[PDB]
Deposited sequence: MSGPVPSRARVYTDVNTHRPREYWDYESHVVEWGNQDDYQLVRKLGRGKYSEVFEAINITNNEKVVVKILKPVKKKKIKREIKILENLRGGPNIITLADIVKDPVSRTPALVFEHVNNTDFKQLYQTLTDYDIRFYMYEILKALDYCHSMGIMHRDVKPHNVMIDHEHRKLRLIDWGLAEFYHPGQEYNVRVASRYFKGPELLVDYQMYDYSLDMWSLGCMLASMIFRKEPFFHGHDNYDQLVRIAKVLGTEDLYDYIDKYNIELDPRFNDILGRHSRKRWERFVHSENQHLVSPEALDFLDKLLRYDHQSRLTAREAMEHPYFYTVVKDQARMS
């Protein structure tokens, strides 16, 4: 009879109460500079280190690929709307070749969370997770879902304990009732709502992704849900979260499940986190880390922690004391 509708547990109407201009990005007017203000220095897609040949300033220039003209306006609008926010990357300028569009960013000391968390201490993890949550709670509070949260999109300046949530090209504004594309995040980070094609999702989407990072980080298991396609991904999840909850979730929202799944999910218990623990990763695992982790990875998007809630978990007790 059709999927049950859903609302965001928080920041539900922040967009409704704002000026049309804020979220109506199709009508945004972009004004371009000439790239002849920048020289390309060095060069995993089309992005470069560059300088401003008028202020000798180091920048990063990201030449966009041919993509629907609205999606550019969207990314630009979202970047402007979030400029100045905690741990959000900073758009410096927008230029064309004198004619492909490029975004110019403040220079960050690049080290994606991947090439780093393979060496982090229990404390660092907590610390940077709190930094990501600062950035997630901000944009969520600002009516925005980053929809591609993953290590490759978190730049860390480990020397200066600095962090930036980057790459807002999949980001969208949250509007209660709207049905979004389920074809968004990276495979290993897609939330269940995406795998079962439930389009009325929200900011919660991001907390699943966060959950997937926290998991791979503490259990030292890169690709914690290592699916081989968008169907086997839900199977790898089921083998951990069990199928009973999965199915209650389907029922709760009256979700039509793809004919395919009928023959692969099967039956599965909800494994205990302890079964992922061992001598290599035990120093990162803790009763709180696991309590916290468990509250992120829920089939039901409504029952996941909000970013603000997460920041108030005992897992961060030590960090927030600063």
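What the model leaves out of the deposited chain are the segments 1, 45-49, 105-106, 331-335.
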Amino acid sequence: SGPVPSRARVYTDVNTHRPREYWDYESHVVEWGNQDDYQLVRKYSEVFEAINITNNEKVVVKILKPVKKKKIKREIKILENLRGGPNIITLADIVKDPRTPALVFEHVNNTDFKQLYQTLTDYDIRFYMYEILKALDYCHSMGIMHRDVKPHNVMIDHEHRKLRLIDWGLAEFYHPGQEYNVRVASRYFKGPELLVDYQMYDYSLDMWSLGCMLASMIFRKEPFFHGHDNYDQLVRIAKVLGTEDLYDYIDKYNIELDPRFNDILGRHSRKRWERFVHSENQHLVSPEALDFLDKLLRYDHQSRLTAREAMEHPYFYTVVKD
From here on, numbers count along this sequence of modelled residues.
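Stretches 287-295 and 262-270 differ in mean CA B factor, with 262-270 having the higher one. Look at the mean CA B-factor for 135-143 and for 237-245 in the entry; the higher one is 237-245. Note on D148, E80, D202, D97: the highest value goes to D97, judged by CA B factor as recorded. The residue among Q178, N153, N87, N109 whose C-alpha atom has the highest B-factor in the PDB entry is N109. The deposited CA B-factor of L91 belongs to the middle third of values across its chain.
Among all modelled residues in this chain, the alpha-carbon of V4 has a temperature factor (C-alpha) in the middle third. Ranked by Cα temperature factor within the chain, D206 sits in the lowest third according to the deposited record. For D124, the recorded CA B-factor ranks within the highest third of the chain. Only modelled residues enter the ranking.
The deposited CA B-factor of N55 belongs to the highest third of values across its chain.
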